[PDB]
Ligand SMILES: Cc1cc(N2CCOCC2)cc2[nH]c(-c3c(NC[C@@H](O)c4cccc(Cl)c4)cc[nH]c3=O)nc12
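Okay, so here's just one chain, in structure tokens, the form deposited without the ligand.
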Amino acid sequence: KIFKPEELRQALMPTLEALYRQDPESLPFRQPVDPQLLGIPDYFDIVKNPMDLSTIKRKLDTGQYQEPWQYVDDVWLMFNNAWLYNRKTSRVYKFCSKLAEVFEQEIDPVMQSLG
């Protein structure tokens, strides 16, 4: 099936909006991890493919996703990066886990309607 950028954006943006609605949970995910301001030079060594809410939002806005599982994969890459890098006791780790809860709840009827 041919997935038009405008179609994917209309159907998938509400699932990302749900993630953005999460306070305090989305706050560290709204913008790309800055290893310079954070003082974590080992970040890009561990995280080969950084992902965040603004990058996923930009990819939807710019027609970078050709098919819906690519969007789902980037949302999971964002979750997997935070769980990989951060300690189990951190805010970011517990916050990531809450975003995973929300995403799972939102994405299912959406993926069921697209194919």
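We number the residues from 1 along the sequence you see. In this text, the rigid core denotes the largest set of C-alpha atoms whose superposition between the two forms falls within 1.5 Å.
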query	finding
Outlying stretch relative to shown form, 39-47 versus 26-34 in 7 other deposited structures of this protein, C-alpha RMS (core)	39-47
Mean C-alpha B-factor comparison - 103-111 and 11-19, higher one	103-111
29-37 versus 82-90 - greater average Cα B-factor per the deposited record	29-37
Among modelled residues of the same chain, the CA temperature factor third for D61	middle
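The form solved in complex with the ligand exists for this protein as well; it is not shown, and the discussion that follows is about that form.
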| property | result |
| --- | --- |
| Proximity of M111 to the ligand in the entry with it bound, heavy atoms at 4.5 Å | yes |
| The ligand contact at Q64 in the entry with it bound, heavy atom, 4.5 Å | no |
| Residues within 4.5 Å of the ligand in the entry with it bound, restricted to 80-115 and counted by heavy atom | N80, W83, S97, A100, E101, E104, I107, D108, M111 |
